[PDB]
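So the protein lines, in turn, are chains A and B.
Those letters in the first sequence? Residues 843 to 918, 923 to 1010, 1013 to 1067, 1070 to 1131, by the entry's author numbering.
Those letters in the second sequence? Residues 843 to 918, 923 to 1010, 1013 to 1066, 1070 to 1131, by the entry's author numbering.
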Amino acid sequence: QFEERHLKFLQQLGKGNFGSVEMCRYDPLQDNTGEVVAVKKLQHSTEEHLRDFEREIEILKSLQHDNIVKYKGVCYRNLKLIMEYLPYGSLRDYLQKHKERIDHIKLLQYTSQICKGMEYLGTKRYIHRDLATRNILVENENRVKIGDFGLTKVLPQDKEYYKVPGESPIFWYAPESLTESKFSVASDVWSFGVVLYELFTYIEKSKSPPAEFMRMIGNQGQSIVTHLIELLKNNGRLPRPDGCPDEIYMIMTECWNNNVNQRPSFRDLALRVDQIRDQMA
Amino acid sequence: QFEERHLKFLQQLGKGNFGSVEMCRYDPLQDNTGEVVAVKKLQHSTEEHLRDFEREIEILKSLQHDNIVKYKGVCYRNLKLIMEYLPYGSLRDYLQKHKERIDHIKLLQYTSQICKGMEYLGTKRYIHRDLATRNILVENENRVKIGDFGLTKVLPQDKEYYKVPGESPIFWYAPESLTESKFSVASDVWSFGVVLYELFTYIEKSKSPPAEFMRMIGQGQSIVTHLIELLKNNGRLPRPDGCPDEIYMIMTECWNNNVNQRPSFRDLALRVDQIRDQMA
Ligand SMILES: Cc1cnc(Nc2cnn(C)c2)nc1-c1cnn([C@H](CC#N)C2CCCC2)c1
Ligand SMILES: Cc1cnc(Nc2cnn(C)c2)nc1-c1cnn([C@H](CC#N)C2CCCC2)c1
């Protein structure tokens, strides 16, 4: 599909999860005028990592949706995934930099697009396992997409969960992810609640999930994951962001229910968010 | 390393396993004087088949041994594996055509070189899974090599077997390959016994493994099912006419139901070399 000799490195866009994304120009005519693209590649490659990356590529190839980064092709352990280039970058850095120009209505537009991306994911029985503002990308002021599927897994044909590791974003994890490594649509719903908290805290570092959970845990001879599991069991939850509307915080608190089956659906979350936004406007 | 524009098709050498090998000349100076080579390519290309072929290429790249066809390079999915050209072709067809000029001593020379190729494979924790006279190639009257690695697999770091499956040469398969799809050095040893039977039957069609097993099978059920029952009951290929006792004894030990009672390729190498030395 894409040749390596025509792939012109421009700058580093993201790194992590044994992977990196690079802004490249595909210039097969050598004029400096080709199309800018995103190139994901493996770091510390292993046959195991390469197998996961091949599955990642196939997962994104099956996805066509306005709120999911667009698969373009592949370039032939030097395997590279080629995607569209979203110019405004991660929502996390975009919100942190443009917060003064972003009101609650815009946050709901972002939240609505994430839900619709997750609902679509639902229809293919895919679990993201990494839903966070750092894995969401800004295309334009009116459009966000989910931009990485490095931990995404296909549910088995006979189960509603996948059991899975390495370093993990424990402050976004559902109780049953922490204790039994069980990942489900309902675990993505719990993480979407943390994404809503991130958006309404405007990525303020003092208020970040790791900051708030660490203050609640205290400053023992035990692991942070151990303390966090106890805090979640005792109904320890992230606080209401300053000025967060009650209907939005109510949505967060329902996403963070200990019972998997009492968590809302992404379809219900879509509808609720769209209507709250309609009310505000 | 190799460009397609300089790859000149000459003749078809082999086809099978969703793959084909072609005799090509690499003529970059366009004089018809370049080096003749073997080019393997995929047929019914599937990303999965492409992934298997990429691993096959890497497997052959890691192999350098007198009794293993030489990796030369790759040509870019139209991804093509380039190997040396062995001019006398597959041992199966060579033996079938030259049997009147080939005595038991020569069969032992062929058998010895296969064992040494398989032992080398052993050292890399590779299992061939397709050991047969059709995957052996003749370079000269004194040298043979294993020529295809289309089904070859790297053992996991923590296990002595690999569990795998399309159309398969069931009449070369070990009981535990048929029943549980388990492949091992010991499964390659079982197949080596069938290769020894092929060589000593001089590839006579009336005596082929599929011929003999089919006569023994005689239904209601699948051939694979009958074959599993025949092997469980100690149904085995017969002694080739004229096959020395030591050679047949080597076959019967290779075809032990118990994986761990099968000889090693190092033991088989030594035994074959000495029997050839005794025959002079
Ligand atoms: C896929 C993609 C497409 N366009 C852009 N555009 C961009 C980025 N920065 N700017 C200024 C402009 N970025 C990415 C991109 C970078 N990182 N990611 C992953 C996280 C997410 N989503 C990382 C890759 C390594 C692991 C997670 C996606
Ligand atoms: C790799 C190779 C190198 N040189 C030659 N020389 C040759 C062949 N015929 N003659 C007259 C001369 N042949 C091959 C060759 C052809 N087929 N194979 C595989 C089976 C085996 N071993 C096939 C490939 C597709 C499925 C298995 C190797």
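By construction, the Cβ of each residue, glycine as well, lies at the ideal position given by its N, Cα and C atoms.
**Request:** Could you check which residue in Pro-870/A, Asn-859/A, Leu-855/A and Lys-857/A has the C-alpha nearest to that of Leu-849/A?
**Result:** With distances taken between Cα atoms, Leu-849/A lies closest to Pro-870/A.
**Request:** Check whether the Cβ atoms of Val-990/A and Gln-959/A lie closer than 8 Å to each other.
**Result:** Going by C-beta atoms, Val-990/A is nearer than 8 Å to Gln-959/A.
**Item:** Cross-chain neighbours of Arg-923/B in chain A, by beta carbon under 7 Å
**Value:** Per Cβ cutoff of 7 Å: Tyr-918.
**Asked** Shortest alpha-carbon distance to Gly-876/B belongs to which of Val-911/B, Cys-866/B and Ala-1059/B?
**Response** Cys-866/B
**Message:** Could you pull the DSSP bridge partners for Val-879/B from this structure?
**Reply:** Listed as beta-bridge partners of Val-879/B by DSSP are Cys-866/B.
**Message:** Relative to the C-alpha of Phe-844/A, which candidate in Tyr-913/B, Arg-923/B and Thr-1049/B has its C-alpha closest?
**Reply:** Closest option to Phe-844/A, Cα to Cα, is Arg-923/B.
**Message:** Tell me which residue opens and which closes the alpha helix (DSSP H) that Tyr-918/A is part of.
**Reply:** No alpha helix (DSSP H) contains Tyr-918/A, which DSSP labels as neither H nor E.
**Asked** Any heavy atom of ligand 1 closer than 7 Å to the CB of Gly-993/A?
**Response** yes
**Prompt:** Taking DSSP as the reference, what is the three-state secondary structure of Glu-985/B?
**Reply:** strand
**Prompt:** So, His-974/B versus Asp-1036/B, is the Cβ gap smaller than 8 Å?
**Reply:** yes
**Request:** Alpha carbon to alpha carbon, how far is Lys-1053/A from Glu-946/A? Give it in angstroms, no decimals.
**Result:** 16 Å
**Message:** Which residue wins for smallest C-alpha separation from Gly-996/B, given the options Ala-1131/B, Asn-981/B and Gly-1041/B?
**Reply:** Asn-981/B
**Request:** Please confirm whether any heavy atom of ligand 1 lies closer than 7 Å to the CB of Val-863/B.
**Result:** Result no, Cβ not under 7 Å from ligand 1.
**Prompt:** Since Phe-860/B and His-891/B are thought to touch, with beta carbons under 8 Å apart, how far apart are those beta carbons, to the nearest angstrom?
**Reply:** 5 Å
**Item:** Burial state of residue 1069/A (16 or more Cβ within 10 Å)
**Value:** Not modelled: residue 1069/A, which lies between 1067 and 1070, the two residues flanking a gap in chain A.
**Message:** For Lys-1055/A and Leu-905/B, what's the separation of their Cα atoms in angstroms?
**Reply:** 57 Å
**Message:** Considering Cα atoms alone, identify which of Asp-1004/B, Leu-941/B and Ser-1032/B is closest to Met-964/B.
**Reply:** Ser-1032/B
**Prompt:** Grouping DSSP H, G and I as helix and E and B as strand, with all else coil, what is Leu-884/A?
**Reply:** strand
**Prompt:** Is it the case that the Cβ atoms of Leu-983/A and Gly-993/A are separated by a distance below 8 Å?
**Reply:** yes
**Asked** Under 7 Å from any heavy atom of ligand 2, does the C-beta of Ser-936/B make it?
**Response** Yes, since a heavy atom of ligand 2 falls inside the 7 Å radius drawn around the Cβ of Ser-936/B.
**Request:** Consult DSSP for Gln-854/A and reduce its assignment to one of helix, strand or coil.
**Result:** strand
**Message:** At a cut-off of 7 Å, would you count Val-878/A as near ligand 1, judging by its Cβ distance to the nearest heavy atom?
**Reply:** Checking the Cβ of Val-878/A against ligand 1 gives no.
**Item:** Any non-hydrogen atom of ligand 4 within 7 Å of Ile-982/B CB
**Value:** Inclusion of ligand 4 in the displayed structure is not the case, the ligand content consisting of ligand 1 and ligand 2 alone.
**Prompt:** When every heavy atom of ligand 2 is checked, does at least one fall within less than 7 Å of the C-beta of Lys-857/B?
**Reply:** yes
**Message:** Is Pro-933/B a contact residue of ligand 1, with contact defined as CB to any heavy atom under 7 Å?
**Reply:** The answer is no for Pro-933/B.
**Item:** Cβ neighbours of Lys-1009/A in the same chain (closer than 8 Å, five flanking residues each side left out)
**Value:** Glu-1028, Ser-1029, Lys-1030 and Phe-1031
**Request:** Consult DSSP for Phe-995/B and reduce its assignment to one of helix, strand or coil.
**Result:** The answer is coil: DSSP assigns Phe-995/B none of H, G, I, E or B.
**Request:** Alpha carbon to alpha carbon, how far is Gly-968/A from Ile-1098/A? Give it in angstroms, no decimals.
**Result:** 22 Å
**Request:** Compute the Euclidean distance between the alpha carbons of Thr-979/B and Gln-955/B, then round it to the nearest angstrom.
**Result:** 14 Å
**Prompt:** Which residue spans inside the region 1029 to 1063 of chain B form an unbroken alpha helix (DSSP H) run of at least 4?
**Reply:** Qualifying alpha helix (DSSP H) stretches, in chain order: 1033 to 1048.
**Item:** Inter-residue spacing [alpha-carbon to alpha-carbon] between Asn-874/A and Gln-942/A
**Value:** 33 Å
**Asked** Quick one, which of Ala-1131/B, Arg-938/B and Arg-1117/B has its alpha-carbon nearest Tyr-966/B's?
**Response** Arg-1117/B
**Request:** Pull up the distance between the alpha-carbon of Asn-1111/B and that of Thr-998/B, whole angstroms please.
**Result:** 21 Å
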